[PDB]
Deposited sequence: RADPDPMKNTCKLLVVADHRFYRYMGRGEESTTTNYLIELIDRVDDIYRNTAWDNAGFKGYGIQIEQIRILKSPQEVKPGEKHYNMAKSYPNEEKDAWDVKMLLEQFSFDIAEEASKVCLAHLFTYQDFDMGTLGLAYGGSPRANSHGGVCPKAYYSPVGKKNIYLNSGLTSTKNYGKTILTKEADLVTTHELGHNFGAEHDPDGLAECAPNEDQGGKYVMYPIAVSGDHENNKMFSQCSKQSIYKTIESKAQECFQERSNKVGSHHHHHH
């Protein structure tokens, strides 16, 4: 490992929904929630030995927290990830999750080009229990901005993005649950795919510690393995870090 290239700096964005519902309409409350969450997530990553030996000390740190205190004003027919209404159905509490991730990536493109990852934190009830979405680790995108020319958007957007909502089924998720969602979405950014049932090593039974963080289902969160990465995730992320650290990782701060 290269201590001068072992940290993925993040642009963290709190939309107006997050500001109001999680942040109590305050910069301090909003930021303190995110600072602490990212730090707990960083503990998982930083202590992980990707090759099961010395390849460790790789993690994440916040470069900037953008705080959107009010909805984004838009013209008719125009959309923005921070606009007041949900899209495509304004009668729903939330956007279609995939469309939101794409919109966020479009709107945040110039800023995203300057950081390892950009992550949106919002407060909306996605349909059917969905909690987050991210590019990378999909059967592209992930760490370090990679351009994608959007025919619809008419400009380059970058696929180094993901999002977490802290609302599910009409209530605020537990902080221990939020940590897991963000760890999982950034896991995809870092190159991990979902742990498949067919590999017991990567998807253990409850008596053996339970599932690892990259399992595709989220329920409970009280088992030992739940907060950690499986050997399958480690192998994928290891390869990702090896190819990407020199490209956009930086020295750990503080």
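Which ranges of the deposited chain go unmodelled, in order along the sequence? 1-3, 143-146, 262-271 are the stretches of the deposited chain that have no C-alpha coordinates in the structure.
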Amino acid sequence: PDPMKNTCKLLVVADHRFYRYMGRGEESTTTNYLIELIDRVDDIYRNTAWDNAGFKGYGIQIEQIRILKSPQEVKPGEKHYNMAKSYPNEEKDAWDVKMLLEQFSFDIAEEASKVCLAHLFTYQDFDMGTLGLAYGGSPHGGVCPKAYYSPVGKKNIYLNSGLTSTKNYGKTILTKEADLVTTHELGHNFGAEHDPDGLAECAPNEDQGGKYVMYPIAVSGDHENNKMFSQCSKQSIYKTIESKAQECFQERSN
From here on, numbers count along this sequence of modelled residues.
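So that the term is clear: the rigid core is the largest set of C-alpha atoms that superpose within 1.5 Å between two forms.
Core-fitted comparison in 5 other deposited structures of this protein, 220-228 vs 65-73, farther C-alphas: Clearly, after the core fit, the stretch farther away in 5 other deposited structures of this protein is 220-228.
Cross-entry absence of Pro139, a third or more of other PDB entries: Yes, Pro139 lacks coordinates in at least a third of the other entries compared.
Of 213-221 and 46-54, which one has the bigger average CA B-factor? Result of the comparison: 213-221.
Report the stretch with the higher mean CA temperature factor, choosing between 200-208 and 186-194 on the basis of the entry. So the stretch with the higher mean C-alpha B-factor is 200-208.
Identify, among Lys98, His80, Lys146, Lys154, the residue whose C-alpha carries the highest B-factor in the deposited PDB entry. Across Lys98, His80, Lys146, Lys154, the entry lists the biggest C-alpha B-factor for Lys154.
Reading the B-factor column of the entry, which of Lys167, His119, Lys114, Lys92 has the highest value at its C-alpha atom? In this record, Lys92 carries the highest C-alpha B-factor of the candidates.
Within this chain's modelled residues, let me know which third the CA B factor of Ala134 belongs to: lowest, middle or highest. Lowest third, going by the recorded CA B-factors of the chain.
Tell me, lowest, middle or highest third: where does the Cα B factor of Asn226 rank within its chain? Ranked within chain, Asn226 CA B lands in the highest tercile.
Lowest, middle or highest third - CA B-factor, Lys176: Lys176: CA B-factor falls in the lowest third of its chain.
CA B-factor placement of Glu73, once the chain's modelled residues are sorted into thirds: As the PDB entry reports it, the C-alpha B-factor of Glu73 lands in the highest third of its chain.
Splitting the chain's C-alpha B-factors into thirds, which one does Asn160 fall into? For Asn160, the deposited C-alpha B-factor lands in the lowest third.
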